[PDB]
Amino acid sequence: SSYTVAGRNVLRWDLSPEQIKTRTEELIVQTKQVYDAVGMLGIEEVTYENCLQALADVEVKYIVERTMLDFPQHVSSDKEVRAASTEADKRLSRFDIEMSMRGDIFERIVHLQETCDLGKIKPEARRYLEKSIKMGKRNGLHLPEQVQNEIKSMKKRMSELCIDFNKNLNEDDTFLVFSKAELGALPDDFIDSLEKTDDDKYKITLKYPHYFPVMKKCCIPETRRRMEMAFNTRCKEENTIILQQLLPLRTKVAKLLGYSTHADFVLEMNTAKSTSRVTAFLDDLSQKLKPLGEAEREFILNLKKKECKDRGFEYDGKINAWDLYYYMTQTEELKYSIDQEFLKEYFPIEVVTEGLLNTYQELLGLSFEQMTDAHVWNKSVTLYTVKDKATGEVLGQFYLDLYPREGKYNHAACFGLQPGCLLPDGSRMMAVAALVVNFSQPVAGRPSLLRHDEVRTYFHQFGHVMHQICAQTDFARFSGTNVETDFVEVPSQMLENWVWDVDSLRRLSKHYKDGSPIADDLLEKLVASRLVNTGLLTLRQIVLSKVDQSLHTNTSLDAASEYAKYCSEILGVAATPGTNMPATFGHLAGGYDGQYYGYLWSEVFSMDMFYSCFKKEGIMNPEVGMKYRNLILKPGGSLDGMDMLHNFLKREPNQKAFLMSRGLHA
């Protein structure tokens, strides 16, 4: 039933290494049986029930079983279960490539479109049919069989390269060792948490909770230099080898499919449509931010000269990559009176989580209840059940996995586990999501204290959770977050706006000892500090967006060189010789390849919506929140992104709101 919880979460995290391997093969047997059945049908005999429905039914069954097999590599504490899940993921990705490239299925899907009365099927059924054919042509099934086989050969190779690129980064355990003197100006609560080694020194990993606090706060520039050198050479040798194979393969395949470049190939499936529009979007936006960057660079450089004079260090006359976060943090302290180590005392994990959940219950018309003694992949992970408030309909569940450990995904993300789609049964399948982040854990009496950007990250991922859960579609491939890649960061970045509002921030905050609120004064300063460093922060995102495009267009260019070019030309902060940032750039192997612009692309749509509707009619208004839920979250990828923006805005979007959020004009 669509009004109940029990029996609707089919997922299990019991699995032994043998159980993953055996179920991978079983799943392939069961799924291939359906594709064989559809392929065996005569061309004249195919119909909705035995071809279209049969494939869509098995897609649901496949995707659900697959996430019990491919997800444990990201969250299990057992190393052997992670490797089995990894090897399962590689196998199943080769299986996907085989089924996607079957000419007999593609032949029958095309025949069904010409002969079937397209007006009698649902609009999303027409979409399934149009997209399935589009995929077929994008997999080269219109080309000769000898070309198809070559394309297949390279796609299997590219899959394994992509999986190896990210595995190398998650499995990395590079550390550096420093004395107490070398970690100067880092707080005691940071340094006491670190592991002591021989010769009374401390161990610093290159993880996000270690790296950024050192680069932000450490006052010894040699320490910052060594940490940045280490961070931007993680997996250098092995992932440089991967990129040198990966990028030319992407080109070679794209050219065989009839595209000039790989960037052109991916852009066709995005709201931006074409690489010309992306290049124009980034160059135009780079131009507008240029004066902000020039001003921010000049203030930072003056500030360095003062600190170098005061502390008596040598002054090299430039902003190095290792100086960038340090003086950006310091600019925030001087201009907005914000100490992030003071401010986090007001954001304890329990108070933030409660505040976050209360915010979006009210806004989106939902009810969350935590489940007790829930089946989970770790003791520290919790499970919540999402209900519609008015109807009482059970929309989905989400897991919260907030704390770091050995083997876990290093970065912030949201994973789709179950789609919110129709079954063969006729009933609705319950959506399931996992919020994955890395904030400190409670030590003794001191609880987990969140910095403001950690709260924002928490809100970011919860935007993906709500998208995954509120999305109700007929078919599995359109459900949840399966939208255009350059649209998928609309719902996530949207929710970040509630972390820059005074009323919302007061609702999210409480001091951990005495329970006092943040001062009215300091809340104004926090909301006003949104603009601080915005030039260089946005300019860095343009560098990455530009690099990502360049590496997927002209693929006879050195990746590190290309990064250093845009670093100097756009950001005005040089990449340090010997470091290759692209080799660490996990988005290039995690499905944002040629699509990293999508963050900035989406932020235009998120700000335009936030300013035009939410900020006008009150940011906690249920009618606007329900209008957002129904028009943006609910359809999933069953409609185009730009149509879903049109339905909400009643017009095409524009950059006015985005530009106002940066402090510009048009």
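Just count from 1 along the sequence shown to find any residue number.
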| request: Name the higher of the two by mean Cα B-factor in the PDB entry, 38 to 46 versus 22 to 30. | output: 38 to 46
| Of 458 to 466 and 368 to 376, the stretch whose C-alpha atoms average the higher B-factor in the entry | 368 to 376
| Top residue by Cα temperature factor, when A321, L537, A390, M101 are compared in the entry | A390
| Out of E150, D96, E562, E114, which one has a C-alpha B factor higher than all the others in the entry? | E114
| task | Select lowest, middle or highest to describe the third in which the CA B-factor of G625 falls within its chain in this entry. | result | middle
| CA B-factor placement of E603, once the chain's modelled residues are sorted into thirds | lowest
| task | State the tercile, meaning the lowest, middle or highest third, of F614 with respect to the CA B-factors recorded for its chain. | result | highest
| said: Sorting by Cα B-factor within the chain, modelled residues only, which third would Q549 end up in: lowest, middle or highest? | reply: lowest
| remark: Entry-reported C-alpha B-factor of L633 relative to its chain, by third, is lowest
